[PDB]
Amino acid sequence: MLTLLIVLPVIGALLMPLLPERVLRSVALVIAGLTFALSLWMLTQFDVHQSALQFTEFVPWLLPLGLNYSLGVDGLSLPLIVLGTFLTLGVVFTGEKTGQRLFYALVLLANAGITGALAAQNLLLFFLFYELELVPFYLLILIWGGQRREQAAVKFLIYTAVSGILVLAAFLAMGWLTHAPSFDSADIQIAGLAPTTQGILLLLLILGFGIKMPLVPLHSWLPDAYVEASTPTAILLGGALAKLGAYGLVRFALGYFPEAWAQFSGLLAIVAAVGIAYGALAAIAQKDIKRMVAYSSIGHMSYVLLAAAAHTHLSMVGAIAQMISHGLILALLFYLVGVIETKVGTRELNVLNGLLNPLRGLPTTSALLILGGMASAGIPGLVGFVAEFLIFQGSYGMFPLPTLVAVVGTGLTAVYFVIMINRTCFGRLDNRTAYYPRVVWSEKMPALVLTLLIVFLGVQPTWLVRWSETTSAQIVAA
Amino acid sequence: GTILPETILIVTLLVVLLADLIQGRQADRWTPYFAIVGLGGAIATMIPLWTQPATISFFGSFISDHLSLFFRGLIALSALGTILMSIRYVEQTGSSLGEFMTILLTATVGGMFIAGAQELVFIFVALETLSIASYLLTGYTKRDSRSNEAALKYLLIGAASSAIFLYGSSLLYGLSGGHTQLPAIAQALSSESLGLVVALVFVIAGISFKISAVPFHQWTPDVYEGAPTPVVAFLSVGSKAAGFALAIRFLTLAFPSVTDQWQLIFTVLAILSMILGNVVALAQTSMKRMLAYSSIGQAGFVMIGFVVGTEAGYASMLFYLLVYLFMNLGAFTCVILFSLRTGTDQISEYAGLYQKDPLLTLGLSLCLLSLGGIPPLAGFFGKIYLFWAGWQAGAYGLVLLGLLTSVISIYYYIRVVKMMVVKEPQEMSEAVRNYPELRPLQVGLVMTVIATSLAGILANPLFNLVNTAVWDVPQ
Amino acid sequence: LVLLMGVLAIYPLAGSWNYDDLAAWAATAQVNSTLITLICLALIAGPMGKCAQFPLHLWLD
Amino acid sequence: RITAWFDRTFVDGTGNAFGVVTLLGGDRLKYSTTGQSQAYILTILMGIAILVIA
Amino acid sequence: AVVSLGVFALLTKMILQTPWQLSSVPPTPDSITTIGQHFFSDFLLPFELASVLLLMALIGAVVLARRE
Ligand SMILES: CCCCCCCCCCCCCCCC(=O)OC[C@H](CO[C@@H]1O[C@H](CS(=O)(=O)O)[C@@H](O)[C@H](O)[C@H]1O)OC(=O)CCCCCCCCCCCCCCC
Ligand SMILES: CCCCCCCCCCCCCCCC(=O)OC[C@H](CO[C@@H]1O[C@H](CS(=O)(=O)O)[C@@H](O)[C@H](O)[C@H]1O)OC(=O)CCCCCCCCCCCCCCC
Ligand SMILES: CCCCCCCCCCCCCCCCCC(=O)O[C@@H](COC(=O)CCCCCCCCCCCCCCC)COP(=O)(O)OC[C@H](O)CO
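Residues numbered from 1 in each chain as written, not as in the entry; some residues may be left out. Chains lettered and ligands numbered in written order. Part of a larger assembly, values for the part shown. Heavy atoms only, no water. Residues with missing side-chain atoms left out of burial classes, pairs and counts.

As stated in the entry header, the method of structure determination is cryo-EM and the reported resolution is 3.2 Å.

Laid out in C-alpha cells, this is it:
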C-alpha cells in the first residue's frame, strides 16, 4: 500500500518527459489527487489503539549494506504523510506558469521522497529518501524564485547536505557500535551501551535534524530560502522538509537514546525557549513579510523541541499536533503572501497599505491573512492554540520556566503578526499605485480550503489528536 | 603453457592488426566496428573462464583468477566506451582513425595484461605498454600546441615515474635473492628492513602516478586539458583500473602484508587526495579541468577501500571502481557531444542548454549527480558502501573526511547543473544562442546514462560478482 | 496571556478548573504562600488588562 | 533590532565564513599546479624521501 | 640539488646496511644461451608483447613526427 504512495509520484515524475503539455498538467493533477486520496483512505483504515506498526512491507534489497526495503506506518508518521500529500496536491494545483514540465516532475519526486522517508523502518533507507529530498528542492529554489535565488538556493543545499552527513555519521556509527546487521529500525538495532558515546551520537542526531527542523542557531538557511522561493516552492519546502526533520529528531533521538535524552532535556528546554524568543524578536524587526513568516516557522518549530524535551504522554500528542498545525498555518500564510506579492507587486511593510477595503483593494485574501496570522499566534478557535496548549500543559509538570518563556514567545508572535496585519490590511490605499488585478475564483480556492480546515480543527480538535494518542504512549512510556 | 587465459587478449591483439592492415590498404575505413566487435568478443571470451575453471597460471608469469577477469573486463569496457565517443571527434579533426584505434587497442591490451600479471619483468612490460600508448594518444592532435605540451609533460612525468618504479623493482629482485616472481618474493623476504621500505616507497611512487594520488597528481590537470577528450575518457577509467589492479596484485601479493606501512602511506595519500582534489576543483572554469580534479578526488575516495582491507573494503573499492566507469563515460560523452556541436569551450558556455538541447542536459546532470553521490543513482550506493566499509573497519577519520569532501563535491557538481537549467532566453551563452539542430555517440551516451541510473538500485546482481572477485585477494 | 500562565499553574495545584473544584480546593488548601501569591497575581493581571485598569488602560483611551 | 542584526551579521556570517574559506582554499591552491613539469617532478621526488622518513 | 643529495645518501645507507645474499658460486660463462632459454620458457609474455610494443611505438612516432 505504501509502495503505491511512494511509486505513483515517481511514476508521474518519470512520465513528465515524453508527454504533451495539456496531458502534462492534467496528469500531474490526476497523480497528485490519486496519491492524496489514497492517503485519506489509509488514514481511515488506520484503526487505532494498535500500539504497533501498520501497513508494513518487508523486502530484502541490499544485504551487504543492510538497506532492506522495510516500510511501515505508525501514529506519528501517518498524519505527516497525509499532510505531505495534501500540500503536494495544492502545490501542483497552483503550479508555475513557466517551464511547467520540470516542475511537476520535481514536485512529484519531492513528494515521493517525503512520503518514503516518513514511512521507512530502515535507517539507511530513511537516509536514502532524505538525501533524495536534498536536490529537487535545490532545483525548485533555483529555477523559480526571486532576485537572490542562487545564493539562497546554495545555502539551503549545503545546510541540508551537511545535515545528511551528521545523520549518516550517526547511523553508521550507531549501526556498528551495536554489531547489528540489517540497519532496519524497530529491530536488532538496540543501543544498550555505555554513556559518553550515547551522548555523542545523540548530539550528532540533534545537530543533523535540528539543522533541518530548524533549531535556534542552525536556522540561518531558512530566512534566505523561504524568501527567495516562489510560493508553491515555499509551501512544499516548509511543510515537507521541516516535518521530515522534526519527525527524524523525535523518532530516532527518542526511540534510540532515552537515557541520554533524559539528561539533555534540561538543556534542550532552555534551547527551545531561547529559540521561540529568538524567532519572535527577529521577526519583529523584519520589514519584509515573507521574512516575518519564515521566523514564524522557526518559532513554531521550536515548540516541538520544547515538547520533546519533556517525556510526557501529553507533551508528545502536543508535539505531533504542533507539527500538523504549523504545516497548515505556514501553508496558508505562504499562499496568502504569494497572492499579495503577485497582485500588488511589492512585499515591503512600508508601501503595502489598505488591502482590506471591498472594491479596489484585495479584501478576502486580507481577511484570510488576519485569520491565519491569529491562528499562528495563540488564539483559541484555531489549530495553533490547541497544539500550543497541549504542549504547555504537557511541559509544565517538568521544567516550568522554559514553558513560561514559551508563553512570552507566543505573545511576541502575536505582536509581530499584528504589526504585519496593521501595515498590510489596515490603512488607506495609495491612489496612484492602486489598480490591483482581480483575483480569479480558482486561485483562492487553496487558501479558502486551508482556512476551512484550520477553523474546523480548532473547534473540533479531536480529529487532530485521535491518530497519535496510543503511538505517543508507545513512544514515551517505554 | 595454459594459453587459454590469453584467448581474451590475443583476440584484441588480432584486432590491433586487422584494424591496421585495413588502414594500410583502404585509408577510408569502417574500423570503428570490428573494433567494437573485437572488444565484445574479448569480453564474451571471459564467460567460459570466469567460473568454469579454477584459478590458473600461464607460467607463473600470469594469473587468471576472478579478480584478474574483473579488471580485464573493466578495462575492455572502458575501451569499448571510448571507441564510441572518438568516432566523430577525431574524424572532425583532420586526422586518421585507424592509426588512433590501433594505439587505443594497444593501450587496452597493456592495461588488460597488467591486471593479471604477477612477475616483475612482465609487470614492467605491461606498465610501459600502457604508458607509451598513453603518451601517443595524449599528443595525437598534433596541430594544437596544448596537446603537444600536454604530451611532453605527461611523457616527462611518466618516464621518470617508470624509472623510479624500475629502481624499486630492481631492488625487490635483489633483496630476495632472485625470484622475479611476485609470490616467490613474499616467501623470501618476510621482515621489515630498510631495503624493503625503500622498495615499497619506490613502487608506490609509480603506482600513485597511475591512480593519481597526490602529490603524484600534478599531471592530470595539465593532461586532461591537453589530450583529446575521448583519450581523457579512456584515461580516467581504464588507466585507474589498471593502476588499482596492479596495486592490489602488487602490494597484497608481493610486498609481504607483514609490511603494512603502505596502509599508512595510502591513508596519507587518500586524506591528501580527498582534501586537495575536491577543494581545488571547486575553483575551475573548464569542464575538462574540473573533471580532472574531480578524478583525483574520486581516486582518493577509492583509496579508502584497500587501505582498511577487510574483504568488504576490497568489495567496496571494486564496486565503486565499476560504477565510476558508468559515471565518467557518461560525463565525458556529454562533454564531447557539447564541444562537438558548437561550443568547444568551458563551463560558462553551458548556460541555457535546457532550452536548445534537453537530452544532453538530462544526460549530463544525471552523471554529475551520480558523481556527487545523489540518491538512487549509481554513485550514491557506491559511496555509501565505500563509507560503511570504512566505518566497519575502524577508520572514523577517513570516512568523516570523505563525507565532508562529498559535500564540497556536491557543490561544484551542482554548479554545472545550475548553468544547464536555470537560464531564461536572455541569459543563454553566446555558444547556445546559436546552437545548431554521431549515432554511436548517442547510443553510447544513452547506454551509460541508463546504466548510471539503474546500476544503483539494481545493484544486487553486481554485488555477487564483486564478492566472487574479492574472494581472490590474499589477507 | 499572563492569565494563561496563571490558569496553567492552577492545574497541578487543583487538578481541575471548573470554578467549583477550585472553590473546594481553596476551601481546604495549605500550599506555599508565595506560589499562590504568584498564581493569583497572574489571575489578577488578566482581568486587570481586560477591564482597562492601571497601567493597562491606554487602550481604552 | 539587536537580534535581527545579530542574525544578519553574527549567525549568518559564521555560516558563510566556512564556505568563503573553502572557496579561498581552492582559489589559492590551484597555483600548486604551476605548469612546469620540472616542478611536478620535484613534488614527486619530495613525495619520496619523506614517506621514506615516515 | 638537495633532494638529489638526500636521496643518494638514503640509498647509500640502504645499500651499506642490508645483508645481501652473496651465494659464492661462480656464474655461468655461456650467458647468451641462457637468455635464449628464458625468452621462450619463462619470459614468453614479455618477449611476445615487446613486438606489439615496438609496433605501437613505430606507429605513434611516425604519426607524431610526420609532415603534413
Ligand atoms: C476575520 C474573519 C475572516 C472570515 C472571513 C471569511 C473570508 C470571506 C469569505 C468569502 C467567501 C468566498 C467568496 C469570497 C470572494 C467573493 O465572493 O468576492 C470577492 C469580493 C471582494 O472584492 C473582490 O476582491 C477580489 C479580490 S479578493 O478576493 O478580495 O482577494 C476581486 O474579485 C475583486 O477585487 C473584488 O470584487 O467580495 C469579498 O469576498 C469580500 C467579502 C468577503 C470578505 C469579507 C471580509 C470582511 C469581513 C472580515 C472580518 C470578518 C469579521 C466577522 C467575524 C469574523
Ligand atoms: C511575558 C510574556 C508574555 C508577555 C507578552 C510579550 C510582551 C509584549 C509587549 C508588547 C511590546 C510592544 C511590541 C514592540 C512594538 C514595536 O516593535 O514597535 C513599536 C510599535 C511600532 O512598531 C511599528 O509598527 C509599524 C506598523 S504599525 O503602523 O505600527 O502598526 C511598522 O511599520 C514599524 O516597522 C514597526 O516598528 O508601536 C508600539 O509601541 C505599540 C505597542 C503598544 C503595546 C501596548 C503595551 C502592551 C503591554 C502593556 C505594558 C504594561 C507595562 C507598561 C509600563 C508600566
Ligand atoms: C559554531 C558556531 C555556530 C553559529 C552558527 C553556525 C553554524 C553553521 C553550520 C555550518 C553549515 C555549513 C555552512 C556552509 C556555508 C555554505 C553557504 C555558502 O555560501 O556557500 C558558499 C560556498 O560553499 C562551499 O564552498 C561548499 C563548501 C562548504 C563546506 C562547509 C562545511 C562546514 C561543516 C563544518 C564541519 C567542521 C568539522 C568539525 C568536526 C570536528 C558560497 O558563498 P557565496 O556568497 O558565493 O554564495 C553565492 C554562490 O557562491 C553563487 O553560486
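Asks: For this particular structure, what's the right way to read the site of ligand 1?
Replies: Residues and elements named next belong to chain A. Every residue lining ligand 1 is accounted for by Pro358, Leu359, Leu362, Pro363, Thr364, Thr365, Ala367, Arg438, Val439, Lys444 and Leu448. Between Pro358 and ligand 1, the recorded distance is 3.4 Å, taken from a backbone N or O atom to an oxygen atom. Here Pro363 contributes a backbone N or O atom positioned 3.1 Å from an oxygen atom of ligand 1. Bound to the protein, ligand 1 loses 45% of the 990 Å² it would expose on its own. (Near = heavy atom within 4 Å. Polar contact = N/O pair within 3.5 Å; in protein donor to acceptor, adjacent residues only side chain to side chain. Areas by Shrake-Rupley, 256 points an atom, 1.4 Å probe, with all protein chains shown as cover.)

Asks: Explanation requested: the nonpolar core in the structure shown.
Replies: One broad trend across soluble globular proteins is that nonpolar side chains are buried collectively. If you look at the biggest cluster of nonpolar residues, it comprises 399 residues, and the most contacted ones within it are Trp261 of chain A together with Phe71, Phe250, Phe255 and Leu318 of chain B. Examining the composition of this core, we find that 21 residues originate from one element, helix α14 (residues 313–341) of chain B, more than from any other. (Core = buried A, V, L, I, M, F, W, Y, C linked by side-chain atoms within 4.5 Å. Buried < 20%, exposed > 50% of the residue type's maximum accessible area, 1.4 Å probe, protein only. Helix = DSSP H or I, 4+ residues; strand = E, 2+ residues; numbered from the N terminus.)

Asks: Which parts of the structure should I look at to understand the interface of chain A and chain B?
Replies: The extent of an interface is frequently quoted as the accessible surface area lost upon association of the parts. Each side of the interface is counted separately: chain A has 31 residues, and chain B has 30 residues. Regarding the contact of chain A and chain B, the summed buried area is about 3,000 Å², with carbon and sulfur atoms giving 82% of it. Viewed at the interface, chain B and chain A are joined by zero salt bridges. The interface formed by chain A and chain B holds two residue pairs in polar contact in total. Looking at the side of chain A that touches chain B, the elements that each hand over two or more residues are α5 (123–143) and α6 (149–176) of chain A. When residues of the side of chain A that touches chain B are assigned to their parent elements, the largest contribution, 13 residues, is made by α6 of chain A. In terms of residue class, the side of chain A that touches chain B is built from 27 nonpolar, one polar and three charged. (Contact = heavy atoms within 4.5 Å. Buried area = accessible area lost by both parts, 1.4 Å probe. Salt bridge = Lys/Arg side-chain N within 4 Å of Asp/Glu carboxyl O. Nonpolar A, V, L, I, M, F, W, Y, C, P; charged D, E, K, R; others polar.)

Asks: How should I be thinking about the pattern of salt bridges in this particular structure?
Replies: Pairs can form between side chains of opposite charge whenever their charged atoms are close. Under the defined criterion, the tally for this structure stands at 16 salt bridges over all chains. For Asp74 of chain A, the salt bridge goes to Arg251 of chain A, with nearest N and O atoms at 3.7 Å. Here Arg251 of chain A lies in helix α9 (residues 231–255) and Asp74 of chain A lies in the loop between β2 (69–73) and α3 (78–93), a separation of 177 residues in the sequence. Each member of the pair, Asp74 of chain A together with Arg251 of chain A, is buried. Of the charged contacts, one joins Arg289 of chain B and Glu225 of chain B as a salt bridge, the two residues approaching to 2.5 Å between their closest N and O atoms. Here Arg289 of chain B, found in helix α13 (residues 287–302), pairs with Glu225 of chain B, found in helix α10 (residues 220–226); they are 64 residues apart in sequence, far enough to count as distant. The exposure class assigned to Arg289 of chain B is buried, which follows from its relative accessible area of 13%.

Asks: What is the right way to look at the interface of chain E and chain B in this model?
Replies: If you look at the interface, chain E gives 26 residues, while chain B gives 36 residues. Those elements that place two or more of their residues in the side of chain E that touches chain B are α1 (2–17) and α3 (44–64) of chain E. The greatest single-element share of the side of chain E that touches chain B, amounting to 14 residues, is contributed by α3 of chain E. Classifying every residue of the side of chain E that touches chain B by side-chain character gives 18 nonpolar, five polar and three charged.

Asks: How should unusual backbone geometry be read in this particular structure?
Replies: In this chain, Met213 of chain A is followed by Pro214 of chain A through a cis amide linkage whose omega measures -5°. For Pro214 of chain A, the location among the structural elements is in the loop between α7 (198–209) and α8 (222–227). Of note, the amide linkage connecting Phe54 of chain C to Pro55 of chain C takes the cis form, showing an omega dihedral of 0°. Looking at the element boundaries, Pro55 of chain C is found in the segment after α4 (33–50).

Asks: What am I meant to see in the environment of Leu130 of chain B here?
Replies: Residues and elements named next belong to chain B. Inspection of the secondary structure puts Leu130 in helix α6 (residues 120–138). Taking the relative accessible area as the measure of exposure, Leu130 reaches 3% and is therefore buried. Ignoring anything within four residues of it in the chain, the contact list for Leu130 reads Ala107, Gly111, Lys210 and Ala242.

Asks: Explanation requested: the arrangement of the chains in the structure shown.
Replies: Between chain A and chain E there is no contact, and the shortest C-alpha to C-alpha separation is 38 Å. Between chain C and chain E there is no contact, and the shortest C-alpha to C-alpha distance separating them is 77 Å.

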